[PDB]
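Proteins get letters first, then strands, A, B, ... in listed order; numbering begins at 1 in each. Hydrogens, waters and symmetry mates play no part in the numbers below; they use all other heavy atoms, side chains included.
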Amino acid sequence: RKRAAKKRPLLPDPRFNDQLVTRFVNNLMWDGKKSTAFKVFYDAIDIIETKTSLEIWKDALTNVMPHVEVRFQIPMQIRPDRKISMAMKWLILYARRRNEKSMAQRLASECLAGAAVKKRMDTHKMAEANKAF
Amino acid sequence: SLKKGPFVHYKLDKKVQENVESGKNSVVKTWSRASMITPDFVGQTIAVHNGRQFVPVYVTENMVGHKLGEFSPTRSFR
Amino acid sequence: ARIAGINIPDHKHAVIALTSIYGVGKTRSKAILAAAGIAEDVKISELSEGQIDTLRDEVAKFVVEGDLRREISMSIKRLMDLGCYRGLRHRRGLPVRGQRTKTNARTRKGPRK
Amino acid sequence: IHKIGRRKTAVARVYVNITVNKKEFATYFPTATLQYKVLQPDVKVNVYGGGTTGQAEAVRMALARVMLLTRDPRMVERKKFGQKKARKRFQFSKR
Amino acid sequence: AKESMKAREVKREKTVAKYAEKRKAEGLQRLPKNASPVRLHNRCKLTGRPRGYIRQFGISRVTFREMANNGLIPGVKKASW
Amino acid sequence: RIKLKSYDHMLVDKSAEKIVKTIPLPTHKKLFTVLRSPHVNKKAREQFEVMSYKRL
RNA sequence: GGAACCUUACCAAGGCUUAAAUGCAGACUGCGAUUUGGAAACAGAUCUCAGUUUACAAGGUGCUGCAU
RNA sequence: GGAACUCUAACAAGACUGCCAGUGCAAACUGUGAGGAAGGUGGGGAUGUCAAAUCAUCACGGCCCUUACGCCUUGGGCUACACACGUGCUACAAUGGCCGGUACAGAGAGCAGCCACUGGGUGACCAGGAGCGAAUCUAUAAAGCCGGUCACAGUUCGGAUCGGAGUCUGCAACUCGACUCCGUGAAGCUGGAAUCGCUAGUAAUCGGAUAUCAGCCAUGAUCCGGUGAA
C-alpha cells in the first residue's frame, strides 16, 4: 500500500563524469559527509593504479552482482537495478574488514577478482539447493 | 571566602576570642558549621549542631584548612 | 636514555615519550622542551648527550616521581586520619567530590557484589 | 543581465572573469564539487546566505536563469514539540 | 501556595527596600540575612505559584494559557509556522 | 513620522497614515511554548506568539 | 521550564496564641540611627502610614478526583 | 552619493486535473506538454469508553485539627546506597586526534544587561572605559578546505576517579555550584535473546540561541542554521 516510488534522481560527479561513482560515494558516505568520501574514493582508485582506470573497478563490481536471491526460502531474481546496489553494498561492507592501515588502503579489493566473491558464491550455492520451488 | 578574605562568623569569632584570652574553659557551642578553622581555634572543643544534636570536635592543629562542618557526619547509614 | 629513574623513551617522539614519566605531563613537558631548546618533532633516539643533560637539569626541577606519589599519599593520609568527610569517604571507598553514590558509581565502588 | 539564485538560504545576485565578492574562483570554491555545479556550458555574484553548497547551487540557479532553472523548493523542516527533531520521535517501552 | 507562604514573599520584598545604600558600601555585614537579593523567589502574583514563571507577564503557565485563550492579554495569538 | 509601535498590523498602520496627513522596520515576534495540562502530560504543549509591529 | 538559605510543603530544637498576612468592629496621636541577650526568630533601652487591650473572623500543599 | 536588485510588510497574480491524449451516463483515476510549483506544493494550529491525571495552578459539597495537623526562625534533609528498570551524552578510532592557515550562517537575546578597546595574568578572570532599551552598538561558529605528525595497541583513542593550587556569584561553596589550571590515564577494541525511530533537506552528523536568572547540575526542554544519504 505504498502505491508509488520515485527512484530519487541523481547528478554526476566532476571527475570521471560517471553516474555510478556518485552512487558508490553515496553508499560510502557516513554521518552526511560527501567531500571526505570522494577524497577517500579518489585516493583508493589512485592506489589501485599499480596493477587500468576505474574500468577495472567497475568490472570487479560485476563479479559481486548476484542473479538470484533466496527470500519457505524461495529463490527469485532481484531486479535489473538492485543488482548494482547489492554489489556496491557487499563491496563496501566487506572492504571494512580488511586489516589494512587506511580506508583507501583497505579498499584495494577491486583487484581481488577476497571476501566479495565469496558472498556471491554462497548465495548461488544456497539458491541452487532450493531449486525445486 | 575564597582568598578575598577569610570567612568566620562574627559571633563565633567574638565568643572564641574571649575564651582563648581567658585560657582554657568549657566547650564552645555553635550552629554555623560554615566557618573555616582559624589558628585561633587550635586546642579548642566545639559542640556544633549537625542535624538534630551537637557533635564535639577538638581542633588540634591539622584541620586549619578545612571547614567546621567537614566533620560531624549528617546522615546515619547503617 | 634514562631521563627519570628507569623510564625508557625507545624511539617515540620527544613529547610523547617524555610524558610517559609519572608526574610530568603534556603541558609541563612542552614547557621543559621549549625552555631547554630542542625540537618537538624530532625523535628521541638521535638526541645528543648535551641535549640529554640540558633536559635532565630542567626535569629535575619539578617534583615528578615516587616522591610526589607518596607526597599525595601523605596528603590523603592526613585528610583521612583526622576524621574528615573526605577521610571517611576514602576509607569506605565511595565517590568523594559529591557524586551520587546511587547508579553510575561503578568505577569507584567496583563489580556487582 | 541580472539573476537571483535563492537556494535554501543563500541569495546570489548575478550581474552578467567569474569574480566572486572581490575574490577569485579558487578562494571561494576550493573543492572540485564546489568548482563544479556551474554547468552552463564579466561575472559578479554578490552571494550571501547559507553554506558553500547552498551558495554554489544559488549561483548555478542564477547562471541558469541568465542563459537547471528549476528552483528546488526544499527548506529546513521545522522541529515539532514532543519530538527530538523534525521527523524523529522519542523512545518508549512496554509495547 | 498558602497564604502565609505567599505573604512571606511580600514580607521579604518589603524587607529588601531599605539597606540599599548599606549593602552597596566580604566583611562588615551584620544583616538580618533577609536583606539579600538571593532570597526573592518569583511567584505568579495572582495565585502565588512557584515552579513556572515568565518575567514578561509575571504569571504561571496555567494562568497564562487560560487568559491567552479567554482573551485577557493583548497581543497573544495561536503560534503557527 | 518618527518610530511608532503597536501590537497589531492593522491599527498602527491606520495611526501612521493618520500621522502622515496630520517604512516596514521588521516586526519583533516573540514565542512561548507552554505545557497544556496542569499535571503530567508533558508531551503536549501549546505555542503562543506575540507580534510587535513598528514603523516610521 | 533552575533543591546551598530562599523554593520547602519534611525532620531536631529555640519563640506565638482571636494569629505570621487580610477585613473589620471601640479607643490614644502625629518609615529610620544607636545598645544589650542571642544561631536567628524575638525580648529589654536612647532617639524620633505607625504602635496596643476586648470580644470576630481567620488558617490548613489535612482526607476522599469513586461527590465535583 | 543612489531608487535596479536582495531585503523588509501591506495589497495582488499564480495550482482549477484547469491544457493535451486514451476509459467511462457520471464522478474520476493512467501518461505527456507549459510552469517556481503539482495532481490536498510541503509542514503546522485545528482533535466529532477507559468511575484515566490532578481536592498540590485555582475554586468547591462532606469530614477532621484550632494551644493546634495553625505560625515566624536556625540547622539538616529533598543529593541518603548493597541492588535493579527507563530516558540520555561520550567513547570503544585512524573517511581519526593534535598543533597551524583559510572561509561560509540562521534565528533569538541584551540597564535583572550585551561588551568594542587598552593594561595584568598560561587560563578562568580583574581594573579602566566607549556604543546600545535596538534592520543602528556588542556578542569572534563547528563540520568543511590546505599542510606536517602519529602508522595500530588499552595507543598521541577515551574520559571516569583522586591530590594540590585559583577565578565568579552569593551572608554563606563541607554536606551540595560552575569554570580554569598542574598532575593521572579505570572500565571500554562494536555489545546476548529481545526491542526502537525513520520514506526527502527526512534519517545521520556539527554548531548556535532562548526559557526559567545571584550562580548553576543545561548531557534535560523549545527552536534555528550547515553538510547531507540507502
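Proximity of B:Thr74 to the phosphate of H:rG76: no side-chain N or O atom is located under 4.0 Å from OP1 or OP2.
Here the separation of G:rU18 from H:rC71, taken at their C1' atoms, is 14 Å to the nearest Å. H:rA141 sits 11 Å from H:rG225 when the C1' atoms are compared, rounded to a whole Å. One P atom belongs to G:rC42, the other to G:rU52, and the distance between them is 12 Å to the nearest Å. A gap of 38 Å separates the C1' atoms of H:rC150 and H:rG120, to the nearest Å.
With A:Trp30 as the aromatic partner, A:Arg96 meets the cation-pi criteria of under 6.0 angstrom to the ring centre and within 45 degrees of the ring axis.
Neighbours H:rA53 and H:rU54 form a stacked pair of bases, judged on six-membered rings within the 5.5 Å and 30° limits. Without both centres closer than 5.5 angstrom and planes tilted by less than 30 degrees, the six-membered rings of H:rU212 and H:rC213 do not count as a stacked pair.
Evaluation of B:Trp31 against the base of G:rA39 yields a stacking contact (centre distance < 5.5 Å, interplanar angle < 30°).
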Between the protein and nucleotides 105-107 of chain H, which nitrogen or oxygen pairs are less than 3.5 angstrom apart?
unit_1, atom_1, unit_2, atom_2, d
H:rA105, OP1, D:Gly49, N, 3.2
H:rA105, OP1, D:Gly49, O, 3.4
H:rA105, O2', D:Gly49, O, 3.4

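Glycosidic conformation of G:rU29: anti, with the torsion beyond 90° of 0.
Side-chain atoms of E:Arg55 and E:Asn42 include no donor-acceptor pair closer than 3.5 Å. Side-chain contact, A:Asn26 with A:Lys34: a donor N or O sits under 3.5 Å from an acceptor N or O.
Side-chain atoms of E:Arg61 come within 3.5 Å of backbone atoms of F:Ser37 as a donor-acceptor pair (strictly under, hydrogens ignored).
Residues passing the side-chain hydrogen bond (donor to acceptor under 3.5 Å, both in side chains) test with D:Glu77 are D:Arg87, sequence neighbours excluded. Residues passing the side chain to side chain contact (heavy atoms under 4.5 Å, CB included) test with D:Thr31 are D:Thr33, D:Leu34, sequence neighbours excluded.
A negative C1'-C2'-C3'-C4' dihedral is found for the sugar of H:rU199, placing it in the south range.
The residue among A:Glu100 and A:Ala37 whose nearest nucleotide of RNA chain H lies closer to the 5′ end is A:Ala37.
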